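Listing of query.cif, mmCIF, C-alpha atoms
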data_my_file
#
loop_
_atom_site.group_PDB
_atom_site.id
_atom_site.type_symbol
_atom_site.label_atom_id
_atom_site.label_comp_id
_atom_site.auth_asym_id
_atom_site.auth_seq_id
_atom_site.Cartn_x
_atom_site.Cartn_y
_atom_site.Cartn_z
ATOM 1 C CA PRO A 1 -32.631 10.094 4.412
ATOM 2 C CA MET A 2 -29.194 8.937 5.474
ATOM 3 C CA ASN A 3 -27.439 6.638 3.023
ATOM 4 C CA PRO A 4 -25.585 3.458 4.028
ATOM 5 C CA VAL A 5 -21.846 3.553 3.403
ATOM 6 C CA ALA A 6 -21.100 2.555 -0.188
ATOM 7 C CA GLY A 7 -17.930 1.689 -2.051
ATOM 8 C CA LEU A 8 -16.456 0.191 1.123
ATOM 9 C CA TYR A 9 -13.485 -2.164 0.795
ATOM 10 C CA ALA A 10 -10.307 -2.823 2.760
ATOM 11 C CA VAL A 11 -7.604 -0.821 0.972
ATOM 12 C CA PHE A 12 -4.438 -2.749 1.787
ATOM 13 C CA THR A 13 -1.163 -0.814 1.636
ATOM 14 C CA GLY A 14 0.913 -3.990 1.364
ATOM 15 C CA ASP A 15 0.432 -7.591 2.371
ATOM 16 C CA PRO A 16 -3.143 -8.453 3.428
ATOM 17 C CA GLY A 17 -3.211 -8.211 7.208
ATOM 18 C CA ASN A 18 0.248 -6.607 7.430
ATOM 19 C CA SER A 19 -0.771 -3.155 6.160
ATOM 20 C CA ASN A 20 -3.214 -0.323 6.752
ATOM 21 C CA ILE A 21 -6.777 -0.385 5.410
ATOM 22 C CA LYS A 22 -8.752 2.640 4.220
ATOM 23 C CA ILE A 23 -12.451 3.325 4.742
ATOM 24 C CA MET A 24 -13.598 4.782 1.414
ATOM 25 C CA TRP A 25 -17.043 6.211 0.685
ATOM 26 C CA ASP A 26 -18.612 8.868 -1.502
ATOM 27 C CA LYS A 27 -19.165 12.033 0.510
ATOM 28 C CA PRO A 28 -22.936 12.646 0.676
ATOM 29 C CA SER A 29 -24.436 15.922 -0.479
ATOM 30 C CA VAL A 30 -25.692 16.421 3.080
ATOM 31 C CA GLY A 31 -23.186 18.531 4.966
ATOM 32 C CA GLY A 32 -21.603 17.725 8.304
ATOM 33 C CA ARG A 33 -21.449 13.958 7.765
ATOM 34 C CA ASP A 34 -18.561 11.714 8.817
ATOM 35 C CA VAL A 35 -18.186 7.932 8.820
ATOM 36 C CA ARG A 36 -17.247 5.882 11.876
ATOM 37 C CA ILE A 37 -14.230 3.591 11.493
ATOM 38 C CA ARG A 38 -14.528 -0.081 12.437
ATOM 39 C CA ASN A 39 -13.922 -3.519 10.947
ATOM 40 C CA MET A 40 -15.743 -6.830 11.390
ATOM 41 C CA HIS A 41 -14.370 -10.265 12.222
ATOM 42 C CA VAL A 42 -15.158 -13.006 9.710
ATOM 43 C CA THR A 43 -16.670 -15.474 12.184
ATOM 44 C CA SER A 44 -18.779 -13.190 14.395
ATOM 45 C CA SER A 45 -18.398 -9.622 13.018
ATOM 46 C CA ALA A 46 -16.739 -8.184 16.120
ATOM 47 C CA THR A 47 -15.962 -4.468 16.352
ATOM 48 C CA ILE A 48 -12.282 -3.514 16.299
ATOM 49 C CA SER A 49 -12.260 0.206 17.129
ATOM 50 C CA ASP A 50 -14.326 3.389 16.908
ATOM 51 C CA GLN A 51 -13.151 6.789 15.674
ATOM 52 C CA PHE A 52 -14.507 9.612 13.510
ATOM 53 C CA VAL A 53 -12.454 11.308 10.777
ATOM 54 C CA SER A 54 -13.964 13.596 8.144
ATOM 55 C CA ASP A 55 -11.456 12.545 5.471
ATOM 56 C CA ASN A 56 -13.055 10.424 2.756
ATOM 57 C CA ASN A 57 -10.144 7.946 2.720
ATOM 58 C CA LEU A 58 -8.098 7.349 5.862
ATOM 59 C CA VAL A 59 -5.441 4.883 6.982
ATOM 60 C CA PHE A 60 -6.216 2.502 9.851
ATOM 61 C CA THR A 61 -3.624 1.022 12.200
ATOM 62 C CA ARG A 62 -2.708 -2.573 11.374
ATOM 63 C CA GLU A 63 -1.687 -3.406 14.947
ATOM 64 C CA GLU A 64 -5.195 -2.692 16.256
ATOM 65 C CA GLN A 65 -6.918 -4.906 13.679
ATOM 66 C CA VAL A 66 -4.424 -7.733 14.243
ATOM 67 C CA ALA A 67 -4.874 -7.487 18.019
ATOM 68 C CA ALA A 68 -8.673 -7.508 17.724
ATOM 69 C CA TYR A 69 -8.651 -10.428 15.273
ATOM 70 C CA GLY A 70 -5.838 -12.306 16.995
ATOM 71 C CA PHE A 71 -4.445 -13.325 13.591
ATOM 72 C CA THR A 72 -3.463 -11.855 10.237
ATOM 73 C CA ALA A 73 -6.231 -9.986 8.403
ATOM 74 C CA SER A 74 -6.149 -12.046 5.220
ATOM 75 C CA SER A 75 -9.955 -12.043 4.884
ATOM 76 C CA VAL A 76 -12.021 -9.175 6.309
ATOM 77 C CA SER A 77 -15.508 -7.704 6.151
ATOM 78 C CA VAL A 78 -15.904 -4.010 6.904
ATOM 79 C CA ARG A 79 -18.653 -2.126 8.757
ATOM 80 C CA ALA A 80 -19.035 1.654 8.700
ATOM 81 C CA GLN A 81 -21.510 4.002 10.378
ATOM 82 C CA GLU A 82 -22.228 7.478 9.005
ATOM 83 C CA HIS A 83 -22.977 10.239 11.524
ATOM 84 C CA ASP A 84 -24.558 13.651 10.956
ATOM 85 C CA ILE A 85 -22.854 16.259 13.139
ATOM 86 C CA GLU A 86 -25.617 18.876 13.082
ATOM 87 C CA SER A 87 -28.434 16.468 13.944
ATOM 88 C CA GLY A 88 -26.216 14.337 16.178
ATOM 89 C CA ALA A 89 -27.987 11.119 15.143
ATOM 90 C CA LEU A 90 -25.945 7.973 14.564
ATOM 91 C CA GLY A 91 -27.025 6.223 11.390
ATOM 92 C CA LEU A 92 -27.730 2.604 10.581
ATOM 93 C CA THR A 93 -24.639 0.423 10.820
ATOM 94 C CA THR A 94 -23.656 -0.999 7.430
ATOM 95 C CA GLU A 95 -21.635 -4.225 7.308
ATOM 96 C CA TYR A 96 -20.448 -5.316 3.864
ATOM 97 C CA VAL A 97 -18.243 -8.148 2.654
ATOM 98 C CA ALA A 98 -14.741 -6.993 1.723
ATOM 99 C CA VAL A 99 -12.284 -8.601 -0.694
ATOM 100 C CA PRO A 100 -8.527 -7.902 -0.874
ATOM 101 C CA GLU A 101 -7.692 -5.139 -3.339
ATOM 102 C CA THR A 102 -4.600 -5.431 -5.535
ATOM 103 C CA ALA A 103 -2.863 -2.516 -7.217
ATOM 104 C CA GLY A 104 -2.228 -2.399 -10.941
ATOM 105 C CA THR A 105 0.700 -4.273 -12.433
ATOM 106 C CA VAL A 106 4.023 -2.501 -11.965
ATOM 107 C CA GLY A 107 5.714 -1.179 -15.068
ATOM 108 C CA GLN A 108 8.309 -3.680 -16.233
ATOM 109 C CA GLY A 109 11.506 -2.545 -14.560
ATOM 110 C CA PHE A 110 14.531 -1.774 -16.721
ATOM 111 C CA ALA A 111 18.057 -1.957 -15.297
ATOM 112 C CA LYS A 112 20.674 0.182 -17.044
ATOM 113 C CA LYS A 113 24.125 1.556 -16.233
ATOM 114 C CA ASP A 114 25.395 4.879 -17.553
ATOM 115 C CA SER A 115 28.886 5.936 -18.610
ATOM 116 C CA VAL A 116 29.303 7.812 -15.318
ATOM 117 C CA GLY A 117 28.756 4.560 -13.407
ATOM 118 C CA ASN A 118 25.349 5.113 -11.810
ATOM 119 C CA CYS A 119 23.121 2.032 -11.789
ATOM 120 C CA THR A 120 19.783 3.452 -12.955
ATOM 121 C CA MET A 121 16.697 1.328 -12.253
ATOM 122 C CA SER A 122 13.755 2.654 -14.271
ATOM 123 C CA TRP A 123 10.208 1.290 -14.382
ATOM 124 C CA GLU A 124 7.432 3.231 -16.097
ATOM 125 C CA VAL A 125 4.697 4.797 -13.974
ATOM 126 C CA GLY A 126 1.845 2.897 -15.607
ATOM 127 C CA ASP A 127 -1.192 2.796 -13.329
ATOM 128 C CA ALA A 128 0.741 2.896 -10.020
ATOM 129 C CA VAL A 129 1.854 6.111 -8.325
ATOM 130 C CA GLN A 130 4.327 4.759 -5.747
ATOM 131 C CA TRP A 131 6.054 1.456 -5.051
ATOM 132 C CA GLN A 132 7.609 -0.378 -2.120
ATOM 133 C CA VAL A 133 11.049 -1.415 -3.376
ATOM 134 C CA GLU A 134 13.714 -3.595 -1.758
ATOM 135 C CA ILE A 135 17.043 -3.262 -3.575
ATOM 136 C CA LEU A 136 19.550 -6.131 -3.480
ATOM 137 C CA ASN A 137 22.709 -6.417 -5.564
ATOM 138 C CA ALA A 138 23.212 -9.793 -7.230
ATOM 139 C CA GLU A 139 26.959 -9.868 -6.528
ATOM 140 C CA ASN A 140 26.536 -9.817 -2.738
ATOM 141 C CA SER A 141 22.906 -11.069 -2.646
ATOM 142 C CA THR A 142 22.054 -8.683 0.203
ATOM 143 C CA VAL A 143 19.400 -5.963 0.453
ATOM 144 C CA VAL A 144 21.708 -3.019 1.123
ATOM 145 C CA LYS A 145 19.090 -0.299 0.543
ATOM 146 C CA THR A 146 15.379 -0.595 1.357
ATOM 147 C CA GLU A 147 13.003 2.306 0.734
ATOM 148 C CA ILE A 148 9.469 3.005 -0.472
ATOM 149 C CA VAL A 149 9.958 5.538 -3.274
ATOM 150 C CA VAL A 150 7.297 7.494 -5.142
ATOM 151 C CA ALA A 151 9.765 8.148 -7.957
ATOM 152 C CA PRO A 152 9.252 5.784 -10.926
ATOM 153 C CA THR A 153 13.035 5.557 -11.410
ATOM 154 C CA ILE A 154 15.725 4.678 -8.857
ATOM 155 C CA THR A 155 19.309 5.821 -9.443
ATOM 156 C CA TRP A 156 22.234 4.781 -7.240
ATOM 157 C CA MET A 157 25.208 7.143 -7.245
ATOM 158 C CA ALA A 158 28.470 5.837 -8.673
ATOM 159 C CA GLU A 159 30.330 7.188 -5.636
ATOM 160 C CA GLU A 160 28.101 5.241 -3.235
ATOM 161 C CA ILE A 161 28.431 2.050 -5.296
ATOM 162 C CA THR A 162 32.222 2.426 -5.390
ATOM 163 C CA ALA A 163 32.311 2.991 -1.626
ATOM 164 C CA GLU A 164 30.092 -0.042 -0.989
ATOM 165 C CA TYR A 165 31.753 -2.546 -3.344
ATOM 166 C CA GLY A 166 34.795 -0.935 -4.983
ATOM 167 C CA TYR A 167 33.449 -1.486 -8.508
ATOM 168 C CA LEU A 168 30.225 -1.170 -10.468
ATOM 169 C CA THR A 169 27.738 -4.044 -10.323
ATOM 170 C CA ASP A 170 26.762 -5.710 -13.599
ATOM 171 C CA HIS A 171 23.679 -7.622 -12.392
ATOM 172 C CA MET A 172 21.315 -6.313 -9.711
ATOM 173 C CA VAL A 173 17.870 -7.535 -8.637
ATOM 174 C CA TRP A 174 14.852 -5.679 -7.247
ATOM 175 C CA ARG A 175 11.360 -6.322 -5.896
ATOM 176 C CA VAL A 176 8.531 -3.807 -6.352
ATOM 177 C CA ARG A 177 5.180 -3.623 -4.557
ATOM 178 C CA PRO A 178 2.574 -1.617 -6.506
ATOM 179 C CA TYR A 179 0.414 1.159 -5.066
ATOM 180 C CA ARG A 180 -2.450 2.748 -6.973
ATOM 181 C CA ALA A 181 -3.580 6.354 -6.608
ATOM 182 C CA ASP A 182 -6.228 5.401 -4.039
ATOM 183 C CA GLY A 183 -3.566 3.541 -2.041
ATOM 184 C CA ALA A 184 -4.491 -0.042 -2.917
ATOM 185 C CA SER A 185 -1.510 -2.393 -2.949
ATOM 186 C CA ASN A 186 -0.644 -5.907 -4.090
ATOM 187 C CA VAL A 187 1.771 -8.574 -2.886
ATOM 188 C CA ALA A 188 5.325 -7.834 -3.995
ATOM 189 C CA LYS A 189 5.981 -8.731 -7.636
ATOM 190 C CA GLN A 190 9.598 -9.339 -8.630
ATOM 191 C CA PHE A 191 11.243 -8.270 -11.889
ATOM 192 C CA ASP A 192 14.866 -9.212 -12.584
ATOM 193 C CA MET A 193 17.024 -7.952 -15.452
ATOM 194 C CA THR A 194 20.745 -7.443 -15.969
ATOM 195 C CA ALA A 195 21.939 -3.851 -16.245
ATOM 196 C CA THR A 196 22.634 -2.785 -19.834
ATOM 197 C CA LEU A 197 25.191 -0.115 -20.725
#

What do you get writing this file as structure tokens?
Amino acid sequence: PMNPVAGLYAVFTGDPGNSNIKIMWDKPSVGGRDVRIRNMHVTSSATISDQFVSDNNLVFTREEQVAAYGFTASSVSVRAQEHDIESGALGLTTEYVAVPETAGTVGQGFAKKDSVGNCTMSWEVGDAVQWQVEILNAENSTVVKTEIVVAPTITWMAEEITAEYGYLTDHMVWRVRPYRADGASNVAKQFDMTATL
């Protein structure tokens, strides 16, 4: 017998409603089975879209879910339908309540400056694989560089810093958004520490 989709939760890649969600399920032992992709409104459980991808975890466009809802997807409930390709029979639709998923706490960032002049921002990997980081220097209080880096450590070249400001920065602030291995993410958590030589 076909099994209803299990382990289903909206896997936010950022802010709830401003990021992609992933349909996750355990692949059944029965071959040739894929899960339909849709999401339910809170009030009436409306269907957002319909597509079939064999991948166990897959990103879903945020614009489509926002357009179907008409507002930010802060609270969602997810429905998924599993289809057997060989038989061609669409299975029972399974709607389950979904809660926002938050990634593990980011490693406490450490700001240090080397003798060369590079401002090295290092936070341990911990339980997060990649992070969304916005980098702002405290002297100018502007986010000069914004990038989502998988590397646990961020190093800014001394040449680039000298070109940007003319001298090395002593204090510099950063914000990190965690991402677990499965792709779950939490609201940005800010760590601030002065660079130490």

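Candidate residues A:5, A:111, A:116, A:80 were compared for distance to residue 39 in chain A, and the nearest is A:80, using only C-alpha atoms.
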
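Running the PyMOL selection byres ((chain A and resi 171) around 9) on this file leaves residues 111, 137, 138, 139, 169, 170, 172, 173, 192, 193, 194, 195 and 196 of chain A selected.
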
Please provide as a PDB file with C-alpha atoms, in the coordinates of the input all residues within 9 Å of residue 109 in chain A, with the sequence filter that same-chain residues fewer than 2 positions apart are discarded (counting only C-alpha atoms).
ATOM      1  CA  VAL A 106       4.023  -2.501 -11.965  1.00  0.00           C
ATOM      2  CA  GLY A 107       5.714  -1.179 -15.068  1.00  0.00           C
ATOM      3  CA  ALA A 111      18.057  -1.957 -15.297  1.00  0.00           C
ATOM      4  CA  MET A 121      16.697   1.328 -12.253  1.00  0.00           C
ATOM      5  CA  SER A 122      13.755   2.654 -14.271  1.00  0.00           C
ATOM      6  CA  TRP A 123      10.208   1.290 -14.382  1.00  0.00           C
ATOM      7  CA  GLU A 124       7.432   3.231 -16.097  1.00  0.00           C
ATOM      8  CA  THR A 153      13.035   5.557 -11.410  1.00  0.00           C
ATOM      9  CA  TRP A 174      14.852  -5.679  -7.247  1.00  0.00           C
ATOM     10  CA  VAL A 176       8.531  -3.807  -6.352  1.00  0.00           C
ATOM     11  CA  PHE A 191      11.243  -8.270 -11.889  1.00  0.00           C
ATOM     12  CA  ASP A 192      14.866  -9.212 -12.584  1.00  0.00           C
ATOM     13  CA  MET A 193      17.024  -7.952 -15.452  1.00  0.00           C
TER      14      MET A 193
END

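Closest to residue 30 in chain A among A:175, A:145, A:180, A:83 is A:83, based on only C-alpha atoms.
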
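Between CA of residue 18 in chain A and CA of residue 62 in chain A there is a distance of 6.4 Å.
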
Exercise. Which residue out of A:45, A:87, A:190, A:77 has the minimum interatomic distance to residue 136 in chain A when all atoms listed in the file are used?
Worked result: A:190

Would you write out, as a short mmCIF file (atom, residue, chain, number, x, y, z; two decimals) with C-alpha atoms, in the frame of the given file, every residue that the PyMOL selection byres ((chain A and resi 40) around 7) captures in this file?
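The result, written out as result.cif:
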data_model
loop_
_atom_site.label_atom_id
_atom_site.label_comp_id
_atom_site.auth_asym_id
_atom_site.auth_seq_id
_atom_site.Cartn_x
_atom_site.Cartn_y
_atom_site.Cartn_z
CA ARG A 38 -14.53 -0.08 12.44
CA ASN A 39 -13.92 -3.52 10.95
CA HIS A 41 -14.37 -10.26 12.22
CA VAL A 42 -15.16 -13.01 9.71
CA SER A 45 -18.40 -9.62 13.02
CA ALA A 46 -16.74 -8.18 16.12
CA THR A 47 -15.96 -4.47 16.35
CA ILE A 48 -12.28 -3.51 16.30
CA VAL A 76 -12.02 -9.18 6.31
CA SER A 77 -15.51 -7.70 6.15
CA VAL A 78 -15.90 -4.01 6.90
CA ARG A 79 -18.65 -2.13 8.76
#

Take every atom of range 38-55 of chain A listed in the file, pad by 5 Å on each side, and give me the axis-aligned box centre and edge lengths in Å, one decimal, as JSON.
{"center_x": -15.1, "center_y": -0.9, "center_z": 11.3, "size_x": 17.3, "size_y": 39.1, "size_z": 21.7}

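Distances from A:85, A:133, A:92, A:21 to residue 188 in chain A were compared using only C-alpha atoms, and the smallest one belongs to A:133.
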
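Distance-wise, CA of residue 184 in chain A and CA of residue 9 in chain A end up 10.0 Å apart.
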
Could you name the residues that touch range 55-61 of chain A at 6 Å or less, counting all atoms listed in the file, but leaving out those on the same chain fewer than 4 positions away, as a PDB file with C-alpha atoms, in the frame of the given file?
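Saved file out20.pdb follows:
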ATOM      1  CA  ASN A  20      -3.214  -0.323   6.752  1.00  0.00           C
ATOM      2  CA  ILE A  21      -6.777  -0.385   5.410  1.00  0.00           C
ATOM      3  CA  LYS A  22      -8.752   2.640   4.220  1.00  0.00           C
ATOM      4  CA  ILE A  23     -12.451   3.325   4.742  1.00  0.00           C
ATOM      5  CA  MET A  24     -13.598   4.782   1.414  1.00  0.00           C
TER       6      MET A  24
END

For this session: Quick one: apply the PyMOL selection byres ((chain A and resi 119) around 8) to the file and drop the selected residues here as a ChimeraX atom specification.
Result: /A:111-114,117-118,120-121,155-158,168-169,195

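Proximity to residue 197 in chain A was assessed for A:115, A:160, A:131, A:86 counting all atoms listed in the file; the smallest distance is recorded for A:115.
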